[PDB]
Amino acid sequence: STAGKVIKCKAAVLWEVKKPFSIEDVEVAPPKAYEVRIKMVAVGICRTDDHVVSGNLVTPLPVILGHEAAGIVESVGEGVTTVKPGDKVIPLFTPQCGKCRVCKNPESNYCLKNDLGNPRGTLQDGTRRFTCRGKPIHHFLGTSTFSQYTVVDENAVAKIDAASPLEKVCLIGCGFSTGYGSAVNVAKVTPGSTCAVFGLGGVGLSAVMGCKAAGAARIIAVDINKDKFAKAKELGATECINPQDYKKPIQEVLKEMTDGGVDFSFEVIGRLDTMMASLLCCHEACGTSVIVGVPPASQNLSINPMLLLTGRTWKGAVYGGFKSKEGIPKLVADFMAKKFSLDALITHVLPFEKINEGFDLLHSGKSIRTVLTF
């Protein structure tokens, strides 16, 4: 039995930035009131996890990263009502408390119980459930899924279809929902419109899928890695261009291919240069540009306000605008009915013990999503 007891298990701990993950024996405390302890089944490698390693995203260390995942409930704390032991669940990097101003506003989803702004690396009660070699270890985005077992706040755990293939649906926990929703919920891509998507990783390709689902007439995929172009076309891109092939700035190339600019542009990389290009490539009078990529810590863009005064709309969002707890299960339901497939996004599968090799794949540009199995 494990309920009510400290669990000893393996986890990938990041002790220092710019270093490999270390697979360690860790101790996981039992869940407190309104908490859920989950046995991880599958976790996807998202660029957001990598940003902590590279120093581009600040969060307290030492830490157990991981947020795109799926697992089975091992035990629940007192007061939990939305999930029970044995349920298949997907943890959520942005919670849905259902009580704050944001949760009550139908158009927003950045719940006030999030740990994204000035990260504490704890659960919502301000404390940590992990210890390793006599040291407390921080949580990440309230989820910490690079561990055989994690404890998450109930409002950051979504119950899903019991027949779900967890090794696939874990992508719905972050990458697919974010990319797809960025097109459908945030930009609100219109039928017959033109779109440009910067970045063809798991998130960007999911945005290409969203643009196609929304009925876009043209979807121009932009990436410096041409090996991603086949998958982009498979998922809906009508044209694929590599900025490295051109002598002039990519935003000028894009405007010239689109009668002055696209109706909707998306930055799904996390760089200041591409965020600028993305904003500049949407038409000055009717374009909308959505920021999806996470930018490097405390770095700023320099923009002339005239870029907006002419009629542009510049916006950003987390999770593709989806209210997390209500949205993820519906997306899983859609997946089960075959409304969309995730196979094209999952290029590599590896045991959790080979997590470092999974990050090597990400860095090499050979993988879209590598899914780790426990």
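Start at 1 and count along the sequence shown; that's the residue number.
J.: Quick check: 41-49 versus 335-343, which has the larger average CA B-factor in the record?
T.: Per the PDB record, 335-343.
J.: Should the higher mean CA B-factor in the entry be assigned to 277-285 or to 244-252?
T.: 244-252 has the higher mean C-alpha B-factor.
J.: For the listed residues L141, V268, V262, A237, which one has the largest C-alpha B-factor as given in the deposited model?
T.: Of the options given, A237 has the highest CA B-factor in the PDB entry.
J.: Of the choices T82, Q96, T258, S177, which one's C-alpha carries the largest B-factor in the record?
T.: The listed residue with the largest C-alpha B-factor is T82.
J.: With respect to C-alpha B-factor, does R128 fall in the lowest, middle or highest third of the chain as deposited?
T.: For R128, the deposited C-alpha B-factor lands in the middle third.
J.: When the deposited Cα B-factors of this chain's modelled residues are ordered and cut into thirds, is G55 in the lowest, the middle or the highest one?
T.: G55: CA B-factor falls in the highest third of its chain.
J.: Among the modelled residues of its chain, does the C-alpha B-factor of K325 lie in the lowest, middle or highest third?
T.: It falls in the middle third of the chain.
J.: Where does the C-alpha B-factor of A11 rank in its chain, lowest, middle or highest third?
T.: For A11, whose C-alpha B-factor we compare with every modelled residue in the chain, the answer is the middle third.
J.: Splitting the chain's C-alpha B-factors into thirds, which one does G210 fall into?
T.: Answer is lowest: the recorded C-alpha B-factor places it there.
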